[PDB]
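In: Any chance you can model this:
(chains A and B)
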Amino acid sequence: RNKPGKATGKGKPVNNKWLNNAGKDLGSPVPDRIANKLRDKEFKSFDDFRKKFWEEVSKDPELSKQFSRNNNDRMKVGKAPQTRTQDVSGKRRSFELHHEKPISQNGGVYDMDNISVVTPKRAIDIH
Amino acid sequence: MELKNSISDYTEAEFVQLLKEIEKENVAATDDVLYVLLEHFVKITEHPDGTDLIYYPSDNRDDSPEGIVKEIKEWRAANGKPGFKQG
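Out: Numbering: from 1, shown residues only, chains lettered A, B, ... in the order given. Sure, the structure comes next:
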């Protein structure tokens, strides 16, 4: 979809309720332990990045424990976890990765500091 | 598989087979088929929290097919709704 590139950024430390703020404000940030696993690595596109992102989440003991078994299975194959029913919006019922500063202006495609996790509902709201 | 129209058409064992079918599509490349199965799960269980029973189970119960079936049984019974097929 997009163009190849390498991941950069540091992200932020998170508690045991990582996505509790998903959507609200700018959503949840990229965990620092996850950034350390993706940093400097190259990707064919943002979609390939997204798949690698969720896979790393499934391998991080302190993060996967925050998800149900069915959601961990989704992340293990590169898919985003399903959100609670109340946070769904049409065909979009899983967490989405949002760019703070849109690719349009400036950019920041693989910059994990310009990437966050938000719910479908707020993903639309913010826009 | 065969998707029945009502929960009353499903034995408990049969409902578990639907859950594993959903678990299979959960790991599929796309969600196209999964969403169709999830819609059916929501329609027949009639539970207000819908897919949350699958992806956001309560801590007071096991996060497993058996735990799902158990919660559904208790909710429907408490609300006077018809339960799983005794067959």
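In: I'd like the distance between the closest residue to residue B:55 other than its chain neighbours and residue A:12.
Out: For residue B:55, ignoring the flanking residues on the chain, the nearest one in space by CB to CB, 6 or more residues apart in numbering or on different chains is residue A:82 at 4.5 Å. Where C-beta positions appear, they are placed from N, C-alpha and C, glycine not excepted. Going from residue A:82 to residue A:12 by CB to CB, to the nearest Å gives 24 Å.
In: Show me which of these two is the more surrounded one.
Out: With neighbours defined as other CB atoms under 10 Å in any protein chain shown, residue A:82 and residue A:12 compare such that residue A:82 has more, 26 against 14.
In: List the contacts of that one.
Out: Remark: with contacts taken as CB atoms under 8 Å, 6 or more residues apart in numbering or on different chains, residue A:82 is in contact with A:70, A:71, A:74, A:93, A:94, B:51, B:55.
In: And it, its phi and psi?
Out: Per-residue torsions, residue A:82: phi -80, psi 150 (degrees, to the nearest 10).
In: Up against chain A, what does chain B have?
Out: Neighbours of chain A within chain B, by CB under 8 Å from any CB of the partner chain: B:22-23, B:26-29, B:31, B:35, B:49-52, B:54-57, B:63-64.
In: you'd agree residue A:33 is up against residue A:59?
Out: No - counting by CB atoms under 8 Å, residue A:33 does not reach residue A:59; the two are 10.1 Å apart.
In: who's more crowded, these two?
Out: Neighbours were counted for residue A:33 and for residue A:59 using other CB under 10 Å; residue A:33 has more, 16 against 13.
In: Any buried residues in the helix or strand where the more buried one lies, and which?
Out: Assigned by DSSP states H and E, residue A:33 falls within helix A:32-38. Buried residues in helix A:32-38, counting neighbours by 16 or more other CB atoms under 10 Å in any protein chain shown, are found at A:33, A:34, A:35, A:37, A:38.
In: Chain neighbours aside, what residue packs nearest to the last one?
Out: What that stands for is residue A:38. Counting by CB to CB, 6+ apart, residue A:38 lies nearest to residue A:7, which is 4.4 Å off, once chain neighbours are set aside.
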